[PDB]
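**Q** can't give you the sequence, but here's the structure:
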């Protein structure tokens, strides 16, 4: 402390220390005295020489040095922390600098404690963190819970995997809302096809028939395939109606029971299969 | 009386900044609409 | 002037065993180059933390975790809250849920009020607002709806508010929750309960607002159409 | 006295007049006090002081003309804006 003119006299001795391979609680003590209650609270190689040395201690000392140090490099030392076993500390770093996105990516990748992260993300509010959350909800298959992590984000991305998990568990009521609002974010066709599929699954006919009457831009007859493949009749009745696929509707009207309009579909078909199956 | 007194002393306008929502002006009446009447 | 630090953690024990009353002076002198987290962790074992409370009140500036949690526990035991409001407002390095668990059943209206408060620090309505339904019909549950800034939270609230016939202060339930309401359902459920008295001034402000709106818009459109000519 | 308010063409002169006109309960010809003083009145205070005295009979036709006028206003303005937006395309 008496020196107080330049960092050369400091650099020489601290480099000797760093090279001397002094055990723990020998070098960081010098730093703990010179950083606190003195001038050299700077960052000129004071970062790992203390913080890594405390990571060579593997103690709560890191937390006190964090809370009682400033103007120090956050991202590199955070990556060094998570490269090691200490993760609560880097979590406290990103909490301290209020970097929400950098925090949950570390929490989940290290420990995967959604119960600790979901509340942290409740405190914050950012579509990036909500997207990280839904991405994590996929990992555990929380398809019901992977949705609200997209409602607050309105991020239509990764919807393909949302669909991969959707058929895995019948939840054809909340996917409806997800896709209904993501409609206004990604004017795609997968969205509308799987939308009408979910609608027919939950038999929301009154508006399933209305969505199609607008600019659907969808692929009818591909979910119309799924109508009779899964055999959800009174659905292909409406899909093929405004698409005029006389010949495939009648195969379902077989199972519907109506005969008067079946032959009216066949007279406009005039195909062998249509006629004979109606007969 | 006790009804207008109730709703009045329960809540009433004050010089805050949350009035930017819709710039309420019914304060002017409801302060003394039927109170004192 | 000592080189090492463990002698601090031994000398605190020394005084505490011998001259605990003259410990606060050392604590104030030695706080700078000291890990206060270890100090509180060690004091929790011996449990003389109620002695060192005013010292931690000074150390709070550093915003340490265990410091905040312990001092809030001591405010809980002491049954004081005015200082607790300052602690939570000025400092946030602590979990809100653990404190909430204690405050929401602290036998006391004010502590439970805080238990309802800090929920919104986590952006978690629907429990705070619902927690204070149980006790506070004194306007406090009504106020959180305005800051919530979320539709279909006051609507549920107002519908419940008419499930019990306390229509007296319904008129306030829309004053602060004004922007979060659509006159359609308001007029509907008001005509339902055959209530228009202390319900109309909502519609009065509305029939001022939208009148000014249509007049202003007619003026702007007349201006634009007149400027279309030139 | 009621007629001079119309030609006065000055707001906050009929308002005082109508308030005094209700200070005495001669509500019978209140309905005329707004017919000629129509443009010099804002429905806010009108509805307010009418609900105050628990009077809507021979007070509503003011609001009837108003719920004709502003309906035509919003419809006309929607029409003009639709026209302008359609002409924005070409």
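**A** Happy to help now that I have it. Residues are numbered from 1 along each chain as shown, chains lettered A, B, ... in the order given.
**Q** List the buried residues of the longest helix along chain B.
**A** Longest helix in chain B by number of residues (criterion: DSSP state H): helix B:2-10. Across helix B:2-10, burial judged by 16 or more other CB atoms under 10 Å in any protein chain shown covers B:4, B:7, B:8, B:10. C-beta: built from backbone N, CA, C; applies to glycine.
**Q** how many neighbours does the residue nearest to the third one when sequence neighbours are not counted have?
**A** Right, residue B:8. Here the nearest residue to residue B:8 in space, its sequence neighbours aside, is residue B:35; by CB to CB, 6 or more residues apart in numbering or on different chains that works out to 5.8 Å. Close neighbours of residue B:35, defined as other CB atoms under 10 Å in any protein chain shown, add up to 12.
**Q** Surely residue B:35 and residue B:4 touch.
**A** Yes - when contacts are counted by CB atoms under 8 Å, residue B:35 is listed as touching residue B:4 (4.9 Å).
**Q** Might you report the residue contacts of residue A:273?
**A** Residue A:273 is in contact with residue A:247, counting by CB atoms under 8 Å, 6 or more residues apart in numbering or on different chains.
**Q** Give me the distance between it and residue A:254.
**A** Relative to residue A:254, residue A:273 is positioned 11 Å away (criterion: CB to CB, to the nearest Å).
**Q** How about residue A:162?
**A** Per CB to CB, residue A:162 is found 35 Å from residue A:254.
**Q** Comparing the two, which shows the higher neighbour count?
**A** residue A:162 (22 against 15).
**Q** what helix or strand does the more buried one sit in?
**A** helix A:159-166 (DSSP states H and E).
**Q** hmm, who's touching that helix?
**A** Applying CB under 8 Å, 6+ apart, the contact partners of helix A:159-166 are A:138, A:141, A:143, A:146, A:172, A:175, A:178-179, A:182, A:186, A:190-191, A:194, A:198.
**Q** again with stretch A:65-85
**A** A:32, A:35-36, A:41-43, A:46-48, A:50-52, A:54-55, A:58, A:62, A:87, A:89-90, A:92-94, A:96-97, A:99, A:102, A:106, A:110, C:62-64.
**Q** Looking at the buried residues of helix B:2-10, which one is closest to residue C:110?
**A** Checking the buried residues of helix B:2-10 against residue C:110 with CB to CB, the nearest one is residue B:10 at 18.9 Å.
**Q** Now whatever residue of the stretch 1-150 of chain A ends up closest to chain C: closest residue in space, sequence neighbours ignored.
**A** Using CB to the nearest CB, the point where the stretch 1-150 of chain A gets nearest to chain C is residue A:64, with a distance of 4.3 Å. Of all residues not flanking residue A:64 in the chain, residue C:35 sits nearest, at 4.3 Å (CB to CB, 6+ apart).
**Q** Also residue C:74?
**A** What sits nearest to residue C:74 in space, not counting adjacent residues and going by CB to CB, 6+ apart, is residue C:53, at 5.4 Å.
**Q** how close does the one you found sit to residue C:98?
**A** Distance, residue C:53 to residue C:98, using CB to CB: 19 Å.
**Q** Let me see the ranges of the helices in chain B.
**A** When secondary structure is read from DSSP H, chain B shows helices at B:2-10, B:27-30.
**Q** Next, format these as CSV and append distance to residue C:221.
**A** Conversion of these to CSV gives the following (distance: least, CB to CB, whole Å):
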stretch, distance to residue C:221
helix B:2-10, 40
helix B:27-30, 30
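**Q** buried set for the one helix or strand residue A:102 maps to?
**A** When elements are defined using DSSP H and E, residue A:102 is found to belong to helix A:101-110. Across helix A:101-110, burial judged by 16+ other CB under 10 Å covers A:102, A:103, A:104, A:105, A:106, A:107, A:108.
**Q** Summarise which helices and strands it is packed against.
**A** In terms of contact count using 3 or more CB pairs under 8 Å, 6 or more residues apart in numbering or on different chains; DSSP states H and E, helix A:101-110 is assigned the packing partners helix A:74-83, helix A:88-96, helix A:114-123, helix A:127-140.
**Q** so the residue nearest to residue A:64 sits right up against residue A:59, yeah?
**A** No - contact status for residue C:35 versus residue A:59: not in contact, 9.2 Å apart, counting by CB under 8 Å.
**Q** For those two, indicate the residue with more neighbours.
**A** Between residue C:35 and residue A:59, counted using other CB under 10 Å, the more crowded position is residue C:35 (21 against 15).
**Q** Which residues lie in contact with that one in this structure?
**A** A:60, A:61, A:64, C:5.
**Q** ok, now how distant is it from residue C:4?
**A** Distance from residue C:35 to residue C:4, counting by CB to CB: 13 Å.
**Q** what residue lies at the spatial centre of chain C?
**A** Using CA atoms, centre = their mean, the residue of chain C that lies closest to the mean C-alpha position is residue C:117, 2.8 Å off.
**Q** Same question for chain A.
**A** Central residue of chain A (CA atoms, centre = their mean): residue A:135, 2.7 Å from the mean position.
**Q** which bits of chain B sit near chain D?
**A** By CB under 8 Å from any CB of the partner chain, the residues of chain B that approach chain D are B:29, B:33, B:34, B:37.
**Q** Could you check how far the nearest residue to residue A:100 once chain neighbours are set aside is from residue A:94?
**A** Here the nearest residue to residue A:100 in space, its sequence neighbours aside, is residue A:124; by CB to CB, 6+ apart that works out to 4.2 Å. From residue A:124 over to residue A:94 the distance is 11 Å, taken as CB to CB.
**Q** where do the contact lists of those two overlap?
**A** Listed as contacting both residue A:124 and residue A:94 by CB under 8 Å, 6+ apart are residue A:100.
**Q** The closest residue to residue C:183 other than its chain neighbours: which element?
**A** Nearest-residue entry for residue C:183: residue C:206, 5.6 Å, with adjacent residues in sequence omitted and distances by CB to CB, 6+ apart. Using DSSP H and E, residue C:206 sits within helix C:200-229.
**Q** Thank you kindly, that will do.
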